[PDB]
Each structure stands twice: as C-alpha cells, then as structure tokens.
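Report on the structure given below.
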Amino acid sequence: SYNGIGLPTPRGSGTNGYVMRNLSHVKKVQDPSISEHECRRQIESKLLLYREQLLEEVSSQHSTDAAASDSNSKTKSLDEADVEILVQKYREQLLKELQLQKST
Amino acid sequence: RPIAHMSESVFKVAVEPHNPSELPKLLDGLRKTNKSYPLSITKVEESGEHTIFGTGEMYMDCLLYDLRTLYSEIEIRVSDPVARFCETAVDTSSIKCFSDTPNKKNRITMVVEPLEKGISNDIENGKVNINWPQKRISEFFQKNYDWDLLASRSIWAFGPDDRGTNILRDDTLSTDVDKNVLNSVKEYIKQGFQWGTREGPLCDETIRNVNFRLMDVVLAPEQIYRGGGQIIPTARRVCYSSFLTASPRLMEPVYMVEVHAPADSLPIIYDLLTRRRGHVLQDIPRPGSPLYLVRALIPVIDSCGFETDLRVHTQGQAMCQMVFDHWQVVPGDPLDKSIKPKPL
Amino acid sequence: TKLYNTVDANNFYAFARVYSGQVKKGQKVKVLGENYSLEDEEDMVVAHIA
Amino acid sequence: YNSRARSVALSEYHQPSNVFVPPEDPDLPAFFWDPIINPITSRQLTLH
Amino acid sequence: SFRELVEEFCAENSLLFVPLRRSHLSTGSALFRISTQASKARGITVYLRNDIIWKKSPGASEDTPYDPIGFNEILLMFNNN
C-alpha cells in the first residue's frame, strides 16, 4: 500500500496493519611520438602555405609596380624560384629538427 | 526543410504487450503514436523490445495514455524510465589505428582527439554550416579557435549528418599525386564516417564532440579495385578503433530546472538537488513577486519524479519546470573491468 | 507539419498550408517524405485527397 | 510509472498560485505596496 | 553476422551499400539502397530480416509486403543491363 510495504487490506489477518520503520536499519603520455612528428610536419606545411600567401601578396605588389611603370591586371612574382627558396626552408627546418634531436 | 525542434528526446521507456498474443495491436498503436507525437522516436531493439523516446515524464505520460486508450486498446508493460546516452572521447588516440580493405591492399589509418570547448555548441547553434564555401569555414575556425590554415581547409563533413557534432578532417601530408583518386574515394568515405558516427561502437548510440582526422590512405592500382561498398566498412572499422583507443566516455543529458518557491522552501529544494546529483547555478529573489527563483541543473537519469518530490515536500508550493539543456560526461570510466558494482 | 486525430482514433487529418496552386477533393497528388531527393526518389507516394 | 493502469483517474496538473494576502489593519489603503513583495529592480539587461 | 556477410559480398562484386535513413513502417528495420555505380537509375531498395534480403517491387504501394531476393538474382538483374 505504500512504497511496497504493507498488506493490501488488514481484513483476513489478525493484525491491524500499521507498518513501522525499522528504526534499526543500518544506512551505510603518447607512445607513438610520430603523432607529434606528423603534427609538426603538417604545421610546417601550413607555414609553407602562409609563405605562399606572402608570395601572392608580393605578386600583387609586383603587379602594382608594373602598372605604375606602364603609367609612367594581376601578375605573379616568381613562378618556381619560390619553390627553391622553399627548398632552402626545408633545409633549415631539417637542420632545426636535427639540432632538436641532438638536444633531447 | 524538416522541422527544427527546440528540444531532444533523451528520455527512454521500453514497452511490450501484457500478453504476447496482441503484439500486432501494440505495433499499430506505436505507429499511430509516432504519427501523432513529433519528437517521439519509436525504436526496436535486438531483444525485440520496443523503446519510446519522449521529451519528459509528462510527455511520456500523455503518450502512454494515448497508446493504451486511443490507438491500441490493450494492456502494456512499461519499464522504468531511463535516459538516452551518448559516447565521447576525452583524450587523443593513444596509438595510431589502421584497417585494411577486404582486397587487403588499401590501408586506411585514423587518429582522433577531443574538440575544444566551443566547436560542438557552435555547430549546433549554426555558427558554422557545411553548406558554406570553404573560405568562410576556414576563416571562422581560424578566427575563433586560433586554428592553422590547412587543417581549417581540410574540414570534410560533419556527422552524423548536418548539425552533427563530429568533424571529418584529413591530414595526408599533402605531396599526394592521386588527388583525383583521393577525391574519388572521399565522396564515399563520407558515408562510412556518417555510418560509424551515428552508431557508436561503445554502445548503439551517437558520438559527440570528436573529430576523426584522417592520417594516411594508400592505394596503388587503378580505379576498378576502388569499390565504395568495398571501402566503407574499412572507414567505419578504423573510426571505431581510433575512438576506442581514444579512452572513450559516456555523455548524459542534463536538464535545467526552474523552481518558483517562497523564501521558506529554499532548504528543501537545496537538499533535493544535492541528493539528486544537481547543483544550483543561481538563486535570486524574483523582482516584483514575493517568490524566489531557483535555477539549477540536474541529470535526466536522476530527475525521475523530481517535480513530485518538490511539490509534495513544499506543501503544494514550489512549482518547477524542467528543460533539456546540454550533455555532460558521466564521471566514471565506461571501460573499467575492475569495478564490480552490487546489483541493488 | 501536423496530423490530427478524428473524433475517434481511427484516421488522421493532415494539417497543411497550401503554398501555391489549387486543390480540389479527389485530386491526385504525390506525397514527398522527409528525405526525398534526387538520390532518394523512393520516398514518393501517390495518393488521393478525400 | 506503472503498467496495468486501469480505472485510474487524472487530476488537475496545476493552478496559478494566488498572490493575495489579506490586509492586517484597515487603516492602510486598499492599494499599498506590501514589503513582502520583492522590489522591481533589474539593472541586469541588455536591450536594444 | 548476416550483415557482415552481405557487406563483404557487396565488397567482392564492387557494389555500393548506402543506408537509407529510414525505418520500415511495418518492421522498423533500417532500409538500405544498393547501387552498382554512379548510375542511379538501377537502384534496389533492401531491408534485412532473419538473414534474408528483402526487396520491394518498384512502383508498388507501401502496405504491400516486400518480397525476398537472393544474391544470384541481384547479380542476374545487374549484369544484363
């Protein structure tokens, strides 16, 4: 009749019901560092893309200078030599990785 | 466009007929109920039992009244209500994880990591959209989470489906000759990613707040051997493997109560909330009214009959309303065989 | 966006907003589901209007 | 919260709580600000 | 299970197994759409029950129960067109 305690009706038993509370109830790192290595390679690639953006901005500056010389469209500063200066960047970053591995 | 509702279901109840002779009647009643109640989600489990998802206890009460009386005039057995969970990852994948196509040549490896604080919420609210030019997505991510360029440009898809809180990213180190091949296989690795993220490996549920960044996909021969149906299970399996190695966790939904009680009823509310794993964000007098306003969170799993306890103990005063708020990670460790709880 | 019970729970009323055109009783219409698209042309159902 | 729910009856869910408090003394005017009512002060908003 | 069996079988024949994000009105199972290639005109809709591949005839009403179909018949219908 209440919280699962009691009998449905006191009729039929010699008792009045009246359930009571018990009153005595006891109520008690990363193993594959190649992850970091690949993250570093990816961030180096994104730095390369950042330098490509810088190259495009320099190309816009070159286009403005060419238009000014004509006064006295869109052009590209360097088609492939920027890849060689990027190769220098690869050499420098490889040297940096070698030095860091030497330090560790 | 499908209706965008203001709440999720996150409240589950399992039913079956009182006697098995009337199962078809229960099925018909469930079909009609799914027609009539918009956020009800009737599902059938592998045990054969039928679960129903509703917003709250009053929602399920009215739903079951209709099921018993309106549609299928039978007697049903109703299990105790339970919350609907979700699985997340709290740490980056411990090791790289790879899978192989049944042809055993195309190898795909994945690593995963938890997201930052904002991205899940910003996906759900609409600060980002997949149906956007990549330029806007890249600039938003870079501006808001200080992310770098190519990662921002490599966001492939959200899962499961749009508004999902999982990001498919690819980091293939560039310098990849087979841009055409990778772009060919991307359009049907998306589907495998969605399939995996919809049905979690930890349990048959969705995954939340995890980005599955692709690491390396290698495949030498020509396009005859590139079968989408041959490659999707590989993507699903590698997603599962990376997620498991990422020390997965369980997410639980939490409500947001709003109790309007007089000054003298505050201690009872505080005691109820403390007992029911809830904490009070804000407790201020209500301006212009003699009542006090109490705003608090309480997990869905622990909010069974919170309203009834509150109204009984406060002598009828202190009416409260419970709104689904967000998801919270369960404090335990889901995969820990060392715990042997007593089943009482 | 809605379905409503009849005075007895036997059949439903579809609550619709006619965005364009005209509709007459007995008209033949095709019903498009929640995910019908160019990929999924199988959610269409041809039905009458009673 | 129970299967086998037959012959049960449903009850009124809630009523708007009454905020009337009878006057203590007749000297006061009928319309008077009760000190029990919290002040209308909400300098916590961001409007247009 | 039978799901993995049909998945690997579709892998062997270089088919596609796309899940239709739907539940059948009668059995509630997830419906799947099988397509041979980028061509979409020949697409067979399938739901699975008791390790049996079930299919609906094109243009038939929903209340009509789906009829079963084996692997050889799917190959027979996809290889002659």
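Residues are referred to by chain and number: the chain letter is A, B, ... according to the order shown in the structure tokens, the number counts from 1 in that chain, and ligands are numbered separately from 1 in the order shown.
Look at residue 6 in chain D: the protein and nucleic acid residues within 10 Å of it, using only C-alpha atoms and passing over chain neighbours fewer than 4 places away, are residues 68 and 75 of chain B; 2 of chain D.
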Notebook entry, point to check: If you run DSSP on the backbone, which residues of range 24-103 of chain A are alpha helix (DSSP H), as number ranges by chain?
Noted result: A: 34-71, 81-103
Compile the residues of chain B that lie within 10 Å of chain A, evaluated using only C-alpha atoms, and express the compilation as a PDB file with C-alpha atoms, in the first residue's frame.
ATOM      1  CA  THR B  92      43.625  11.720 -28.091  1.00  0.00           C
ATOM      2  CA  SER B  93      44.075   8.248 -29.532  1.00  0.00           C
ATOM      3  CA  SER B  94      46.889   6.538 -27.657  1.00  0.00           C
ATOM      4  CA  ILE B  95      48.349   4.902 -30.776  1.00  0.00           C
ATOM      5  CA  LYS B  96      47.721   5.035 -34.492  1.00  0.00           C
ATOM      6  CA  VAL B 111      43.644   9.251 -35.201  1.00  0.00           C
ATOM      7  CA  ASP B 148      46.004  26.932 -38.632  1.00  0.00           C
ATOM      8  CA  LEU B 149      45.417  27.042 -42.354  1.00  0.00           C
ATOM      9  CA  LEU B 150      45.367  23.602 -43.968  1.00  0.00           C
ATOM     10  CA  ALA B 151      43.536  21.980 -41.071  1.00  0.00           C
ATOM     11  CA  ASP B 171      45.881  15.201 -42.832  1.00  0.00           C
ATOM     12  CA  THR B 172      47.514  13.309 -45.708  1.00  0.00           C
ATOM     13  CA  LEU B 173      50.811  15.286 -45.564  1.00  0.00           C
ATOM     14  CA  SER B 174      49.985  16.777 -48.994  1.00  0.00           C
ATOM     15  CA  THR B 175      52.567  15.766 -51.648  1.00  0.00           C
ATOM     16  CA  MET B 215      46.153  10.280 -41.347  1.00  0.00           C
TER      17      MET B 215
END
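Remark: for chain E, the closest of the candidate residues B:103, B:303, B:19, B:47 is B:103 (distances computed over only C-alpha atoms).
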Checklist line | Distance of CA of residue 45 in chain C from CA of residue 24 in chain C, expressed in Å to one decimal place | finding: 18.4 Å
Note to self: If we count only C-alpha atoms and set the cut-off at 12 Å, which residues sit around range 42-44 of chain C, ignoring sequence neighbours fewer than 4 positions away in its own chain? Please answer as a ChimeraX atom specification.
What the structure shows: /C:29-38 /E:20-24,31-33,40-46,56-62
Note to self: Residues of chain C within 9 Å of chain B, counting only C-alpha atoms - could you list those as a VMD selection string?
What the structure shows: chain C and resid 1 to 5 8 to 10 12 34 to 35
Restrict the calculation to only C-alpha atoms, then for each residue of chain D with any atom at most 8 Å from an atom of chain B give the closest atom pair and their distance in Å to one decimal, rows by chain and rising residue number, as a tab-separated table.
residue	atom	partner	partner_atom	distance
D:1	CA	B:80	CA	6.8
D:2	CA	B:78	CA	6.6
D:3	CA	B:77	CA	5.0
D:4	CA	B:75	CA	6.4
D:36	CA	B:290	CA	5.8
D:37	CA	B:290	CA	4.3
D:38	CA	B:288	CA	5.1
D:39	CA	B:288	CA	5.5
D:40	CA	B:287	CA	4.9
D:41	CA	B:287	CA	6.4
D:42	CA	B:287	CA	7.2
Produce a file of the selected residues containing N, CA and C atoms, as a PDB file, in the first residue's frame.
ATOM      1  N   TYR D   1       4.334   5.465 -14.725  1.00  0.00           N
ATOM      2  CA  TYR D   1       5.121   4.834 -13.684  1.00  0.00           C
ATOM      3  C   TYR D   1       4.543   3.515 -13.223  1.00  0.00           C
ATOM      4  N   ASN D   2       3.485   3.036 -13.860  1.00  0.00           N
ATOM      5  CA  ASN D   2       3.012   1.695 -13.577  1.00  0.00           C
ATOM      6  C   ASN D   2       2.300   1.151 -14.799  1.00  0.00           C
ATOM      7  N   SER D   3       2.572  -0.106 -15.117  1.00  0.00           N
ATOM      8  CA  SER D   3       1.760  -0.819 -16.082  1.00  0.00           C
ATOM      9  C   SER D   3       0.474  -1.265 -15.405  1.00  0.00           C
ATOM     10  N   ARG D   4      -0.404  -1.916 -16.162  1.00  0.00           N
ATOM     11  CA  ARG D   4      -1.679  -2.376 -15.624  1.00  0.00           C
ATOM     12  C   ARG D   4      -2.503  -1.220 -15.074  1.00  0.00           C
ATOM     13  N   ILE D  36       6.606  42.473   1.618  1.00  0.00           N
ATOM     14  CA  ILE D  36       6.991  41.115   1.263  1.00  0.00           C
ATOM     15  C   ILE D  36       7.333  41.011  -0.218  1.00  0.00           C
ATOM     16  N   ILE D  37       6.718  41.842  -1.061  1.00  0.00           N
ATOM     17  CA  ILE D  37       6.968  41.790  -2.496  1.00  0.00           C
ATOM     18  C   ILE D  37       8.360  42.326  -2.791  1.00  0.00           C
ATOM     19  N   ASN D  38       9.124  41.582  -3.577  1.00  0.00           N
ATOM     20  CA  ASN D  38      10.473  42.000  -3.903  1.00  0.00           C
ATOM     21  C   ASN D  38      10.458  43.260  -4.767  1.00  0.00           C
ATOM     22  N   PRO D  39      11.470  44.113  -4.633  1.00  0.00           N
ATOM     23  CA  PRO D  39      11.483  45.362  -5.394  1.00  0.00           C
ATOM     24  C   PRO D  39      11.683  45.104  -6.872  1.00  0.00           C
ATOM     25  N   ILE D  40      11.147  46.011  -7.684  1.00  0.00           N
ATOM     26  CA  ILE D  40      11.284  45.932  -9.136  1.00  0.00           C
ATOM     27  C   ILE D  40      12.593  46.636  -9.470  1.00  0.00           C
ATOM     28  N   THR D  41      13.679  45.871  -9.494  1.00  0.00           N
ATOM     29  CA  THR D  41      14.997  46.398  -9.838  1.00  0.00           C
ATOM     30  C   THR D  41      15.753  45.327 -10.612  1.00  0.00           C
ATOM     31  N   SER D  42      15.915  45.546 -11.912  1.00  0.00           N
ATOM     32  CA  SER D  42      16.503  44.555 -12.802  1.00  0.00           C
ATOM     33  C   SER D  42      17.537  45.184 -13.722  1.00  0.00           C
TER      34      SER D  42
END
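Our summary of the geometry notes that CA of residue 295 in chain B is positioned 17.3 Å from CA of residue 308 in chain B.
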